[PDB]
Amino acid sequence: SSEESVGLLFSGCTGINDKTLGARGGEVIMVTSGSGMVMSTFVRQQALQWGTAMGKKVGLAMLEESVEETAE
Amino acid sequence: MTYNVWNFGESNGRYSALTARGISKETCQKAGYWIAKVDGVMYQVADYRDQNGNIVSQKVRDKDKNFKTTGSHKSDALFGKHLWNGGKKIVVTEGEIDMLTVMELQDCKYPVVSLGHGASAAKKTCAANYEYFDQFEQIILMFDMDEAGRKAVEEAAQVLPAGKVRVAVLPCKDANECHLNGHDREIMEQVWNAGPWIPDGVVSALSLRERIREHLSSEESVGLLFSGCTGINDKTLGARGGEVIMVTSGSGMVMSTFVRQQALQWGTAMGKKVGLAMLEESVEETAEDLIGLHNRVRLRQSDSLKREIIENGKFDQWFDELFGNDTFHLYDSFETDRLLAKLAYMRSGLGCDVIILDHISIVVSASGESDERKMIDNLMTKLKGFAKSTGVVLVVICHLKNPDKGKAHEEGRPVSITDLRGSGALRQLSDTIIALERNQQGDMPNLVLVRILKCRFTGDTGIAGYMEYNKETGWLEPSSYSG
C-alpha cells in the first residue's frame, strides 16, 4: 500500500516511463551523458514539469551556475 | 590504564548548591553535579553517564579554573544525556553549568544536556549523537553568544537531524550569565518557541524576483565580444559576466597577446574597466605593451622609438589617449589567499568588470604543501567563486603541459581538454575554454588556429576561426581561412 508504482513520470519521452515506471521517492535517479548540455536541459525540463504540471515542490542545487541564472 | 572514575564518598562528596551560579542544591543533585574534596582541595565533579545509567566519565574542576577528566570521555559525551530518552524538545547547552541553569529555570522537568567537549567539538559530539537527539521533536541549540559560539551552532546543526534545529538567542554570553542576575525570562522565551534558523544558502525562488530583474538588465546574452575573430563570438556568444573564460595554448605568447588584445578592446572600444594581474611581468612593462599595442607599434621592442616618443611628446599624448579614462588597473606584485583578495578589491572597490589573470600556473606563497596538481584546483574554485559570486568576468590564462607524444606545440599539434593541465578543476570550473594553436615551423608560421574547447552557455564548440601574427604591429589580426 505504502510504496509506489508510477512515481513521477519523466517528461518528454514516454519510454523513460515505460521502462522505468518513473521516479519513485527514496530512489536515486542518475542522469548522465557525454558533453550533454542536452543533459542539463533534460534535467531542467523535468524540474520544470514536476514543479508545475505535477504539484511537486522541486529543490535545485545547480552547482555549475548562479541561482539567478538557473531561474532565468 | 585510564584515570579511575571518582567514587562518591571515597572523595568527600556532597550535593551542595552552587551559590555562585544560582543553581539550587536540588538541581545539582538531579544532573549529577557533585562537590568532592580529595587530598585537601575541594573539586567540582560533573558525572557523565551513558543512556544506560552507568557513569562512564567525570569532568572535575578546581577553584582556579583547572580540570581533570576521569573515566573514558568518549567522542559522544553529553552531560545530562542519561536523564532523557525522548521528548518534545531538548535544549543543548555549551557547558555543564549552563545545563544546570536551564534545568532550573524549568524546575528540572524538561530536557537539557550539555556538550561533552562543547566549545570546539560541536560538530563531532553532535553527529556522534544523531539517533539520541532524533528522539526529540525539536533540538534547541543554546550555545555561547560569541564568535566561536555562533560557529559552534553552525557546525552543530549541519550534522544534526533535519528541520528540528532551532538557535537560541540570549542577551549575554551564555544562559548562566543571564540567570546570574539579569533575564531569566529571556532564557525562557527561547526554550519555548525560539528561533528555528538554518538556511544560510537555501533560497526559495519567489524570494529572487528582485535579484533576477536586476540581473536581466545588468548582464548581457552577448556579454562582451571577443575581438579579432568573429567565430570566438559566433560560437561562444561572448564573455558573459560571472563566467570564467580560460585562454590556453602551447608556447603561445600568441596567447599572452590574444589576452592583451582583448583587455585592450574591452577597455577602450567598450566602456568596460579592465583589471589586470599580469603575474609574469612588471606593471610598468605591461602598461608599455598596452600603449604599444594600442598604437600598433612594437614599443618596448625598439630602442629608437622609445626615445623618439619620450622627446616628441607623443608618449604623454599616447598615454593620456589610452589610459586617461581610468579604465585600466593593474595588480602589481613581488599567496593564493593574498592574491584573490587583491583581485576582489579590483572588482569590488575600483569596480572593473573584467579581471584578466595572466597565468594561473604561478600559484605563490604558503610553502609546505605538495602537488601543484591539487593546489591548482583549490585556487581554481576560489576563482570561479569570485567570478559567479560577483559577476566579474574573469579571463584566466593558462599554459600547457608538454606531450611526450611525437609532435610538439610549435609543430601545431592540436589540443584537447584531456590535453589539459590541472587535475580537473579548470577542466571543470571554467565556463568557456579558448585554445590557440600555432605551428611556428611550417606553412604559415604566423597562422594561428582557435579551438573553442568548451562553452557552457552554448556548447557550440570546435574550430572557430584563424588569426595571423603581424610581427610588425604586434597584433593578432583576423584571417581568411578554412578547408
# chains A, B, ... in the order shown; residues from 1 in each chain; ligands from 1
>>> residues_around(residues="segment 48-59 of chain A", least_positions_apart="3", cutoff="8 Å", atoms="only C-alpha atoms", output="PyMOL selection string")
chain A and resi 8+11+44-45
>>> interface_residues(of="chain A", to="chain B", cutoff="9 Å", atoms="only C-alpha atoms", output="PyMOL selection string")
chain A and resi 35-37+59+64-69+71-72
>>> write_last_selection(atoms="C-alpha atoms", output="compact mmCIF listing (two decimals), in the first residue's frame")
# COMPACT_ATOMS: atom_id res chain seq x y z
CA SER A 35 29.12 16.78 -23.46
CA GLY A 36 25.32 16.86 -22.90
CA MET A 37 24.01 20.28 -22.18
CA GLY A 59 14.64 21.78 -4.97
CA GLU A 64 27.58 24.97 -12.05
CA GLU A 65 25.71 28.21 -12.42
CA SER A 66 24.25 31.04 -10.31
CA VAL A 67 20.85 30.95 -8.72
CA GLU A 68 19.64 33.86 -10.77
CA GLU A 69 20.88 32.24 -13.97
CA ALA A 71 15.94 30.84 -12.55
CA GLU A 72 16.09 32.64 -15.89
>>> residues_around(residues="residue 375 of chain B", least_positions_apart="3", cutoff="10 Å", atoms="only C-alpha atoms", output="PyMOL selection string")
chain B and resi 336+363+369-372+378-380+422-423+425
>>> closest_residue(among="B:383, B:160, B:169, B:20", to="residue 129 of chain B", atoms="only C-alpha atoms")
B:160
>>> residues_around(residues="segment 293-295 of chain B", least_positions_apart="4", cutoff="10 Å", atoms="only C-alpha atoms", output="list in words")
residues 257, 260, 261, 264, 265, 268, 287, 288, 289, 299, 318, 319, 321, 322, 473, 474 and 475 of chain B
>>> select_by_dssp(residues="segment 160-258 of chain B", states="helix (DSSP H, G or I)", output="PyMOL selection string")
chain B and resi 162-164+175-179+184-191+205-218+232-236+253-258
>>> write_last_selection(atoms="N, CA and C atoms", output="tab-separated table (two decimals), in the first residue's frame")
chain	number	residue	atom	x	y	z
B	162	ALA	N	17.77	16.94	10.22
B	162	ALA	CA	16.65	17.58	9.51
B	162	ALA	C	16.18	18.98	9.97
B	163	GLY	N	14.86	19.20	9.96
B	163	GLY	CA	14.28	20.50	10.26
B	163	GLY	C	13.90	20.68	11.71
B	164	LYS	N	14.75	20.16	12.59
B	164	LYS	CA	14.48	20.17	14.02
B	164	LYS	C	15.26	21.26	14.77
B	175	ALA	N	23.64	31.16	28.80
B	175	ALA	CA	22.39	31.05	29.55
B	175	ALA	C	22.53	31.30	31.05
B	176	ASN	N	23.73	31.09	31.60
B	176	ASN	CA	24.01	31.38	33.02
B	176	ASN	C	24.33	32.84	33.29
B	177	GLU	N	25.05	33.49	32.39
B	177	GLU	CA	25.30	34.92	32.51
B	177	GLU	C	23.96	35.67	32.63
B	178	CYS	N	22.94	35.14	31.96
B	178	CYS	CA	21.58	35.67	32.04
B	178	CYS	C	21.02	35.47	33.44
B	179	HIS	N	20.96	34.21	33.88
B	179	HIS	CA	20.45	33.87	35.20
B	179	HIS	C	21.12	34.69	36.31
B	184	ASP	N	16.13	35.92	33.44
B	184	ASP	CA	15.66	34.55	33.41
B	184	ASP	C	14.62	34.42	32.31
B	185	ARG	N	13.68	35.37	32.26
B	185	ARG	CA	12.56	35.37	31.31
B	185	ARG	C	13.02	35.43	29.85
B	186	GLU	N	14.24	35.91	29.64
B	186	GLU	CA	14.83	35.91	28.31
B	186	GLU	C	15.19	34.49	27.86
B	187	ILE	N	15.82	33.72	28.76
B	187	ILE	CA	16.12	32.30	28.55
B	187	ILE	C	14.85	31.49	28.28
B	188	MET	N	13.80	31.80	29.04
B	188	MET	CA	12.51	31.15	28.92
B	188	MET	C	11.90	31.33	27.54
B	189	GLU	N	11.87	32.58	27.09
B	189	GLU	CA	11.28	32.94	25.79
B	189	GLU	C	11.96	32.21	24.63
B	190	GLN	N	13.08	31.56	24.91
B	190	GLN	CA	13.84	30.81	23.91
B	190	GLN	C	13.62	29.31	24.01
B	191	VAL	N	13.69	28.77	25.22
B	191	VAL	CA	13.37	27.36	25.47
B	191	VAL	C	12.02	26.99	24.85
B	205	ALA	N	12.65	30.34	-4.68
B	205	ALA	CA	12.63	31.07	-5.95
B	205	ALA	C	11.89	32.39	-5.82
B	206	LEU	N	10.72	32.36	-5.17
B	206	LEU	CA	9.92	33.55	-5.00
B	206	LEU	C	10.78	34.69	-4.55
B	207	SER	N	11.72	34.38	-3.67
B	207	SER	CA	12.47	35.40	-2.99
B	207	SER	C	13.63	35.84	-3.81
B	208	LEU	N	13.60	35.58	-5.11
B	208	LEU	CA	14.67	36.04	-6.01
B	208	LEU	C	14.22	37.04	-7.06
B	209	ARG	N	12.93	37.37	-7.06
B	209	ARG	CA	12.37	38.27	-8.07
B	209	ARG	C	13.32	39.42	-8.30
B	210	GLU	N	13.54	40.19	-7.27
B	210	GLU	CA	14.36	41.37	-7.46
B	210	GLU	C	15.74	40.99	-7.99
B	211	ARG	N	16.41	40.06	-7.33
B	211	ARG	CA	17.74	39.77	-7.75
B	211	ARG	C	17.74	39.40	-9.22
B	212	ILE	N	16.66	38.78	-9.70
B	212	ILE	CA	16.54	38.35	-11.10
B	212	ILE	C	16.34	39.50	-12.04
B	213	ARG	N	15.36	40.35	-11.74
B	213	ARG	CA	15.11	41.54	-12.55
B	213	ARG	C	16.40	42.31	-12.81
B	214	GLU	N	17.07	42.67	-11.73
B	214	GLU	CA	18.30	43.44	-11.84
B	214	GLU	C	19.43	42.68	-12.58
B	215	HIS	N	19.44	41.35	-12.49
B	215	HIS	CA	20.34	40.59	-13.33
B	215	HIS	C	20.02	40.85	-14.80
B	216	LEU	N	18.75	40.66	-15.16
B	216	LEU	CA	18.35	40.60	-16.55
B	216	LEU	C	18.73	41.87	-17.28
B	217	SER	N	18.54	43.00	-16.63
B	217	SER	CA	19.06	44.27	-17.17
B	217	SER	C	20.62	44.47	-17.21
B	218	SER	N	21.26	44.32	-16.06
B	218	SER	CA	22.73	44.29	-15.95
B	218	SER	C	23.64	43.47	-16.95
B	232	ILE	N	35.16	33.05	-32.42
B	232	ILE	CA	35.15	33.10	-30.95
B	232	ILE	C	33.76	33.57	-30.49
B	233	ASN	N	33.21	34.61	-31.13
B	233	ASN	CA	31.90	35.15	-30.74
B	233	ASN	C	30.75	34.30	-31.22
B	234	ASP	N	30.69	34.07	-32.52
B	234	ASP	CA	29.73	33.13	-33.08
B	234	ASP	C	29.48	31.85	-32.29
B	235	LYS	N	30.55	31.28	-31.75
B	235	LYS	CA	30.46	30.03	-31.02
B	235	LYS	C	30.19	30.27	-29.55
B	236	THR	N	30.80	31.28	-28.94
B	236	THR	CA	30.67	31.35	-27.51
B	236	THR	C	29.74	32.43	-27.13
B	253	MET	N	52.94	32.98	-26.90
B	253	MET	CA	52.95	34.37	-26.47
B	253	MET	C	51.77	34.98	-27.23
B	254	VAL	N	51.55	34.46	-28.44
B	254	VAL	CA	50.27	34.44	-29.14
B	254	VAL	C	49.18	34.44	-28.10
B	255	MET	N	49.29	33.62	-27.09
B	255	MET	CA	48.30	33.61	-26.04
B	255	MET	C	48.30	34.88	-25.23
B	256	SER	N	49.46	35.25	-24.74
B	256	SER	CA	49.54	36.50	-23.94
B	256	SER	C	49.19	37.82	-24.75
B	257	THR	N	49.15	37.70	-26.08
B	257	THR	CA	48.83	38.81	-26.95
B	257	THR	C	47.37	38.75	-27.03
B	258	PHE	N	46.87	37.58	-27.34
B	258	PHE	CA	45.46	37.47	-27.55
B	258	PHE	C	44.79	38.05	-26.36
>>> residues_around(residues="segment 327-334 of chain B", least_positions_apart="3", cutoff="10 Å", atoms="only C-alpha atoms", output="number ranges by chain")
B: 263-264, 266-268, 271-284, 286-287, 290, 322-324, 339, 342-343, 346, 350-352, 354-357
>>> write_last_selection(atoms="N, CA, C and O atoms", output="compact mmCIF listing (two decimals), in the first residue's frame")
# COMPACT_ATOMS: atom_id res chain seq x y z
N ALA B 263 41.87 42.67 -23.53
CA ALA B 263 41.99 43.67 -22.50
C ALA B 263 41.86 45.02 -23.18
O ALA B 263 41.01 45.85 -22.81
N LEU B 264 42.71 45.22 -24.19
CA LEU B 264 42.70 46.45 -24.96
C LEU B 264 41.29 46.79 -25.37
O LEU B 264 40.73 47.74 -24.83
N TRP B 266 38.20 45.85 -24.79
CA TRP B 266 37.15 45.96 -23.77
C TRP B 266 37.31 47.24 -22.94
O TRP B 266 36.35 47.77 -22.38
N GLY B 267 38.55 47.70 -22.83
CA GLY B 267 38.89 48.84 -22.00
C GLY B 267 38.93 50.14 -22.77
O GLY B 267 39.38 51.16 -22.24
N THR B 268 38.45 50.12 -24.00
CA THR B 268 38.56 51.31 -24.82
C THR B 268 37.40 51.41 -25.77
O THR B 268 36.70 52.45 -25.82
N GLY B 271 33.06 50.21 -22.91
CA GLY B 271 33.25 51.13 -21.81
C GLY B 271 34.04 50.46 -20.70
O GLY B 271 34.65 51.15 -19.86
N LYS B 272 34.05 49.12 -20.73
CA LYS B 272 34.40 48.34 -19.56
C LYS B 272 35.79 48.64 -18.95
O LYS B 272 36.75 48.88 -19.66
N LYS B 273 35.84 48.69 -17.62
CA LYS B 273 37.05 48.82 -16.82
C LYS B 273 37.75 47.46 -16.72
O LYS B 273 37.20 46.49 -16.18
N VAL B 274 38.97 47.35 -17.24
CA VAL B 274 39.69 46.09 -17.17
C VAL B 274 40.61 46.11 -15.99
O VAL B 274 41.24 47.10 -15.72
N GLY B 275 40.68 45.03 -15.26
CA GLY B 275 41.73 44.91 -14.27
C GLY B 275 42.70 43.80 -14.66
O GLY B 275 42.26 42.70 -15.10
N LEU B 276 44.00 44.03 -14.49
CA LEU B 276 44.95 43.06 -14.98
C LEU B 276 45.84 42.62 -13.86
O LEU B 276 46.39 43.42 -13.11
N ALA B 277 46.01 41.32 -13.74
CA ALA B 277 47.07 40.81 -12.89
C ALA B 277 47.97 40.04 -13.80
O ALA B 277 47.74 38.88 -14.04
N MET B 278 48.97 40.71 -14.34
CA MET B 278 49.87 40.06 -15.23
C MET B 278 51.04 39.54 -14.41
O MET B 278 52.06 40.20 -14.31
N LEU B 279 50.92 38.36 -13.82
CA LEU B 279 51.86 38.00 -12.77
C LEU B 279 53.30 37.82 -13.24
O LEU B 279 54.23 37.87 -12.45
N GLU B 280 53.46 37.61 -14.55
CA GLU B 280 54.75 37.25 -15.17
C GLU B 280 55.65 38.45 -15.19
O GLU B 280 56.83 38.36 -14.82
N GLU B 281 55.09 39.58 -15.64
CA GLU B 281 55.83 40.82 -15.91
C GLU B 281 55.51 41.99 -14.95
O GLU B 281 54.58 41.92 -14.17
N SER B 282 56.30 43.06 -15.02
CA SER B 282 56.12 44.23 -14.15
C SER B 282 54.86 44.98 -14.51
O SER B 282 54.19 44.67 -15.50
N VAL B 283 54.51 45.98 -13.71
CA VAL B 283 53.29 46.72 -14.01
C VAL B 283 53.60 47.79 -15.05
O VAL B 283 52.82 48.03 -15.94
N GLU B 284 54.76 48.40 -14.96
CA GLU B 284 55.23 49.28 -16.00
C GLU B 284 55.33 48.54 -17.33
O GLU B 284 54.84 49.04 -18.32
N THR B 286 53.77 45.85 -18.57
CA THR B 286 52.51 45.54 -19.22
C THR B 286 51.86 46.81 -19.77
O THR B 286 51.42 46.84 -20.93
N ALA B 287 51.83 47.88 -18.96
CA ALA B 287 51.43 49.22 -19.43
C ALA B 287 52.07 49.61 -20.80
O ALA B 287 51.38 50.05 -21.71
N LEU B 290 50.69 47.58 -23.56
CA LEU B 290 49.38 48.06 -23.93
C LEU B 290 49.49 49.26 -24.91
O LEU B 290 49.16 49.15 -26.09
N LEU B 322 45.21 56.53 -24.30
CA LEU B 322 44.78 55.20 -23.98
C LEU B 322 44.27 55.10 -22.56
O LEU B 322 43.20 54.52 -22.29
N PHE B 323 45.03 55.68 -21.65
CA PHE B 323 44.80 55.40 -20.25
C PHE B 323 43.85 56.31 -19.51
O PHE B 323 43.27 55.89 -18.51
N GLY B 324 43.67 57.52 -20.01
CA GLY B 324 43.15 58.61 -19.21
C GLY B 324 41.68 58.61 -19.06
O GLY B 324 41.03 59.66 -19.03
N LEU B 339 46.47 37.01 -3.15
CA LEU B 339 46.17 37.48 -4.49
C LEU B 339 44.67 37.66 -4.67
O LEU B 339 44.21 38.75 -5.01
N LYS B 342 43.28 40.83 -3.38
CA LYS B 342 43.58 41.98 -4.20
C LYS B 342 42.64 42.03 -5.40
O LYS B 342 42.13 43.09 -5.74
N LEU B 343 42.43 40.87 -6.06
CA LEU B 343 41.66 40.82 -7.28
C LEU B 343 40.23 41.19 -6.93
O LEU B 343 39.50 41.75 -7.75
N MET B 346 39.79 44.88 -6.69
CA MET B 346 39.65 45.44 -8.04
C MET B 346 38.19 45.38 -8.50
O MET B 346 37.60 46.35 -8.94
N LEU B 350 37.45 49.30 -7.02
CA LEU B 350 37.50 50.01 -8.28
C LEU B 350 36.46 49.51 -9.34
O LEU B 350 36.24 50.12 -10.40
N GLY B 351 35.80 48.42 -9.04
CA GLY B 351 34.71 48.01 -9.88
C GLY B 351 35.00 47.87 -11.35
O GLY B 351 34.33 48.47 -12.21
N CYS B 352 35.98 47.04 -11.66
CA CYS B 352 36.20 46.64 -13.04
C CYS B 352 35.36 45.44 -13.27
O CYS B 352 35.03 44.72 -12.33
N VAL B 354 36.01 43.24 -16.00
CA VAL B 354 36.83 42.11 -16.34
C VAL B 354 38.06 42.15 -15.45
O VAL B 354 38.57 43.22 -15.11
N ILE B 355 38.54 40.99 -15.04
CA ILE B 355 39.84 40.88 -14.41
C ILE B 355 40.57 39.86 -15.21
O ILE B 355 40.06 38.75 -15.36
N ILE B 356 41.74 40.16 -15.75
CA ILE B 356 42.48 39.16 -16.54
C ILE B 356 43.63 38.72 -15.71
O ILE B 356 44.39 39.53 -15.22
N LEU B 357 43.73 37.42 -15.49
CA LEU B 357 44.75 36.83 -14.60
C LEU B 357 45.67 36.02 -15.43
O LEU B 357 45.38 34.86 -15.71
>>> residues_around(residues="residue 76 of chain B", least_positions_apart="2", cutoff="7 Å", atoms="only C-alpha atoms", output="compact mmCIF listing (two decimals) with N, CA and C atoms, in the first residue's frame")
# COMPACT_ATOMS: atom_id res chain seq x y z
N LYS B 74 34.20 9.51 25.99
CA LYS B 74 34.05 9.17 24.56
C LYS B 74 33.63 10.37 23.71
N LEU B 78 27.57 13.48 26.37
CA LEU B 78 26.61 14.54 26.60
C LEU B 78 26.29 14.52 28.08
N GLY B 116 29.82 17.48 25.43
CA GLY B 116 30.86 16.74 26.14
C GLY B 116 32.24 17.39 26.08
N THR B 125 30.89 15.76 18.57
CA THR B 125 30.00 15.37 19.67
C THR B 125 28.54 15.24 19.20
N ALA B 128 27.84 12.37 16.47
CA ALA B 128 28.01 11.15 17.24
C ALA B 128 26.69 10.72 17.89
N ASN B 129 25.75 11.67 17.97
CA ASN B 129 24.51 11.51 18.73
C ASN B 129 23.22 11.64 17.94
>>> residues_around(residues="residue 103 of chain B", least_positions_apart="6", cutoff="10 Å", atoms="only C-alpha atoms", output="CSV table (one decimal) with C-alpha atoms, in the first residue's frame")
chain,number,residue,atom,x,y,z
B,23,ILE,CA,21.9,26.7,40.8
B,24,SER,CA,20.0,25.2,43.6
B,27,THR,CA,19.3,20.9,40.9
B,28,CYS,CA,23.0,19.8,41.1
B,30,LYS,CA,19.5,15.6,39.6
B,31,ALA,CA,22.0,16.2,36.8
B,80,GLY,CA,22.7,15.1,31.2
B,91,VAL,CA,17.8,22.2,24.9
B,97,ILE,CA,26.9,25.0,34.3
B,109,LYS,CA,11.2,19.0,34.3
B,110,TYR,CA,12.4,19.1,30.7
B,111,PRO,CA,15.4,18.0,28.9
B,112,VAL,CA,18.8,19.7,28.9
B,113,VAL,CA,22.1,18.1,28.1
>>> atom_distance(atom1="atom CA of residue 8 of chain B", atom2="atom CA of residue 68 of chain B")
15.8 Å
>>> select_by_dssp(residues="segment 221-404 of chain B", states="strand (DSSP E)", output="ChimeraX atom specification")
/B:244-249,274-278,328-330,354-358,393-399
>>> atom_distance(atom1="atom CA of residue 57 of chain B", atom2="atom CA of residue 6 of chain B")
8.7 Å
>>> closest_residue(among="B:107, B:353, B:460, B:437", to="residue 224 of chain B", atoms="only C-alpha atoms")
B:353
>>> closest_residue(among="B:298, B:347, B:124, B:401", to="residue 470 of chain B", atoms="only C-alpha atoms")
B:298
